[PDB]
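# Structure at a glance
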Amino acid sequence: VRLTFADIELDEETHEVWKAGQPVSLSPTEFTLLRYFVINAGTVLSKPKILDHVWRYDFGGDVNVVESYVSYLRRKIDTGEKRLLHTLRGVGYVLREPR
Amino acid sequence: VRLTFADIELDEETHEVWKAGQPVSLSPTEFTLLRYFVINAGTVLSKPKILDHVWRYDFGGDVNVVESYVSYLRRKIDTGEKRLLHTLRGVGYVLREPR
Amino acid sequence: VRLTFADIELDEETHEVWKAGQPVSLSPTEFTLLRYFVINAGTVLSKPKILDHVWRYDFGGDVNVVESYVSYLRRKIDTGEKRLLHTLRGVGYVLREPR
Amino acid sequence: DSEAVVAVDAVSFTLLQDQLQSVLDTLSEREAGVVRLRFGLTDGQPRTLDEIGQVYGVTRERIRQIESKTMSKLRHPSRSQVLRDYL
């Protein structure tokens, strides 16, 4: 039942993640975004539906929350500037191994 | 479920295209234009129709935008002078494999 | 049929606890807490799903009760400030030996 | 006569817009006005987000959030079923 991808490996019971097999701790909401990100690995995710499902529909806040969260994901797992979680200008983000 | 024509291959899931198998990245609206073309491959598209459907109805600009865009698609995919994306004067643009 | 974890060991027949082999008495409703906690050993437990399963669905109290209960779990066995029953902000608690 | 009115689709469309207004009145009046001016219902002119802001005294980003709220609450299947059958 464990969800794995390239170098990111996830367990659904204790909700930890293996990044190339070395331990890493992360914030809860960031785990929720990565859990979205791994269910739809190779599927493009746009800010609206991510906000709809992971975030509470009543979110009247500003949109910079999700890009800041993706920045945290970058600095946590994808240290290199070129990374597996790609950003699409005005279309959102997607998980894919670099080709 | 992927969309194909001649040598152009489309993946709607993570928004990338294949032109006989070498990588390519492309702009969002140009991507949408290519999608509208392949989904109506075998049908000619008229310019007011395109600016109606793929483009937002409130578009108050000139028309030259659509020719600039299709010129981008030509210089990206149909580099040769003769192309698979034919042009009809005053009728719009269409995706034909030449006979 | 006896369940053990690191140094915390649990019996299902007479509802008593060894902490590193030392027997300790405990409250009845608090006993149910670690029973969940070891039955999901190595799994993160969140206060809501504690409320639904452990506690009756008719519970009309506030959220501080479980927190005080967990604090009670801190002072009885994992007396150290750093403890095996780790704290997840907004996600609850998890049973694991520290890395 | 192709241009002749079939006289059934027109009546159907009248009840159809009645159903539309009834459904949108369920939504908040602010959201209802947003979608009305968004697609040109009261008039024939769909409007840009800045017009919605200047008629609501709000930034365009908040109208984008409002549009997100509208088409999300609209997908709620009670609206979906009662509007799907009419096609």
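Residues numbered from 1 in each chain as written, not as in the entry; some residues may be left out. Chains lettered and ligands numbered in written order. Part of a larger assembly, values for the part shown. Heavy atoms only, no water. Residues with missing side-chain atoms left out of burial classes, pairs and counts.

You'll find chain D entered in the PDB entry as RNA polymerase sigma factor SigA, with Mycobacterium tuberculosis given as the organism. According to the record, the entry carries the title "Cryo-EM structure of Mycobacterium tuberculosis transcription activation complex with four PhoP molecules".

Per the PDB entry, chain A is named DNA-binding response regulator, and its organism is Mycobacterium tuberculosis.

## Quick notes on the environment of B:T29
All names here are of chain B. When you line up the elements, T29 lands in helix α1 (residues 28-39). Overall, the relative accessible area of 35% leaves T29 in the partly exposed class. Spatially, the C-alpha atom of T29 lies 8.3 Å from that of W55, the residues being 26 residues apart in sequence. (Helix = DSSP H or I, 4+ residues; strand = E, 2+ residues; numbered from the N terminus. Buried < 20%, exposed > 50% of the residue type's maximum accessible area, 1.4 Å probe, protein only.)

## Quick word on the nonpolar core
B:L10, B:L34, B:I50, B:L85, B:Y93 and B:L95 are the most contacted members of the largest nonpolar core, which totals 21 residues. Taken together, the elements giving at least two residues each to this core come down to β2 (8-11), α1, α2 (47-53), α3 (64-76) and β5 (92-95) of chain B. A per-element tally of this core places α1(B) first, with six residues. Apart from residues lying up to four places away in sequence, B:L85 is in contact with B:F37, B:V70, B:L73, B:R74, B:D78, B:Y93, B:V94, B:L95 and B:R96. The next biggest cluster of nonpolar side chains, apart from the first, holds 19 residues, and it includes C:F5, C:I8, C:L34 and C:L84. (Core = buried A, V, L, I, M, F, W, Y, C linked by side-chain atoms within 4.5 Å. Contact = heavy atoms within 4.5 Å.)

## Remarks on the pattern of salt bridges
Taken as a whole, this structure holds 12 salt bridges over all chains when the rule is applied. Here C:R74 ties to C:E81 by a salt bridge, and the two come within 2.5 Å at their closest N and O atoms. (Salt bridge = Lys/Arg side-chain N within 4 Å of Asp/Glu carboxyl O.)

## Thoughts on the packing of aromatic side chains
For the structure shown, the criterion picks out three aromatic pairs over all chains. Taking 6.2 Å as the distance between ring centres and 80 degrees as the angle between the ring planes, the aromatic pair formed by B:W55 and B:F59 counts as edge-to-face. Note on B:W55: relative accessible area 23%, which makes it partly exposed. Geometry around C:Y36 places C:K49 over its ring, the cationic atom sitting 5.8 Å from the centre. Directly above the aromatic system of D:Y56 lies the positively charged group of D:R30, at a separation of 3.7 Å from the ring centroid. (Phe/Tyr/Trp six-rings, centres within 6.5 Å; stacked < 30°, edge-to-face > 60°. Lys NZ or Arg CZ within 6 Å of the ring centre and 35° of its normal.)

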